[PDB]
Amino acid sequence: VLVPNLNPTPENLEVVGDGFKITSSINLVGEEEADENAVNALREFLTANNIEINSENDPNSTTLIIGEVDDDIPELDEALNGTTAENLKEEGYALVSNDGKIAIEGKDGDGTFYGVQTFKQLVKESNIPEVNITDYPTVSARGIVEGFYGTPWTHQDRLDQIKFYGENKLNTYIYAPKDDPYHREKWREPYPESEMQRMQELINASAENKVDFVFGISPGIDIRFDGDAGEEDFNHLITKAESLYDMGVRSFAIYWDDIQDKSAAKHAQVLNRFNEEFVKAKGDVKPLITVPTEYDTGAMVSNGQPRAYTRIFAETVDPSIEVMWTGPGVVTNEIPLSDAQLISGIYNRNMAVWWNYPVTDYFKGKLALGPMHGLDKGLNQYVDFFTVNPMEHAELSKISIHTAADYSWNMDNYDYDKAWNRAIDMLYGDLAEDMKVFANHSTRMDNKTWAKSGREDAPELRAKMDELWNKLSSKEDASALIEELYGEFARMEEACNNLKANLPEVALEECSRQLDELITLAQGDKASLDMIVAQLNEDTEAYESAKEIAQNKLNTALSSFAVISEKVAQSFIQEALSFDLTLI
């Protein structure tokens, strides 16, 4: 009957019937013409959900038809009747479920694979709704940049991330981690055989999930530009890129972010000569990607005009090259349309975004568990390439990455609160509501100086706390609000205790300290109410005992590595301790 949570939100979806049961043995049609990676993902889900494939057609089993446009499959034509992927952009597809048949038609092999992902999300206990779908991404490249400092993701983490990207229609992975010397301090050197297996698994997994594996190269550390030395180094760039191409890498990025030699013309000439002698000469290599030394608006622009570096770079760099920038700041609240307009005009092209959220490398005590927030819903006019920099914490990064998938696939309809809820619903199952309680307090990032981003922590709770102070200072009866807040604080503690008891270890290991912090803070919040209530009752002894606890709970939180709800659960105790009800 009803449609399950879907991610990304499909572009067009119509519920056209009451739904039906998928038979435990089905008819598979198109299995030989259709995209292999889509079929494998299909076979993989079918196996996992206890569904067998009929070796011969129809004891009136359910029929599943799969393939691409212009694929020679009439069964597909018939099941779709009226709806089609023919007029859809790259990566687009059509899905029709109706009266014992499911049709999956992609505009290309990527689209077929993505149709299979929607299919997998539509099925619940072998029931599927009857729908007509036509779907396609808002933005052409969507994904992750592995750009964070701190403990690296492991091999298994990366394999898991790649699968997750595929499942949420993210097609871009910029492999450029700090712990692989072959991407920076050993950039000249091809990978030795002792490393080829590990690299190949990543490349293979990526391909198989329709994820573009971008090899990030940072030659800035020691690259030479002039004379024989500069020629030798340019030749090493080629040989490196070839040797990766030989492994099946078809996407490359060259970073200029950490170079001392701030020479725009030298940077851009290397790019252009690489574009020509490598990217153009191979023919199946995707557009070149670069990060210029000036890569946030503040570094790039002064008084509406490009600074010298940016101006030279914009003027030299080939128009075919993708150029990354991080928005108005390195870590900032927003990218408004005007910022993307300004930078895109300077570079006379659609821009690539490197979004520094949920990354927490600059403020590691806190977990960034909120949605894409602050990004202009019209950014696609000036941007056709979107990536996020996630946390060293791979598992909990999925919450925010999940919302980036929705934002970049269906930008016009993105709603950060709804996407945030959906991400936690789809990821946490029976723990979703408890995980929301916790994550809600840990969305806002702010190092107090240059780095700030994300949705405010617990906005509703924060508004209730404000009303408490307003009522108490106005000598209005606050009895009912106090009871309500006791409810909120008990809920925070209970949720956090259930997460400690029941979160799978893969998630718990990333957040155990922050859970303990929020519990401490919730207990200090409760003691803070006890303080106020004592003052209302003129019970000096009850006031002193509540105050001692509130202060010790605050102090435990302030001294701990873990950071959470600074402006909300934490600040409330400080507000309560500075409040003097005896003088109102």
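Residues carry their position along the shown sequence, with the first being 1.
As listed in the deposited structure, the average C-alpha B-factor of 50-58 and of 520-528 is greater for 50-58. For the set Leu271, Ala229, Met196, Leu472, the PDB entry puts the maximum C-alpha B factor at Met196. When the modelled residues of the chain are ordered by C-alpha B-factor, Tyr309 sits in the lowest third. In this PDB entry, the Cα temperature factor of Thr63 sits in the bottom third of its chain's modelled residues, the lowest group. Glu392: CA B factor lies in the middle third for its chain, per the PDB record.
Per the deposited record, the Cα B-factor of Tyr416 falls in the highest third when ranked against the other modelled residues of its chain.
Among the modelled residues of its chain, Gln574 has a C-alpha B-factor that falls in the middle third, as given in the PDB entry.
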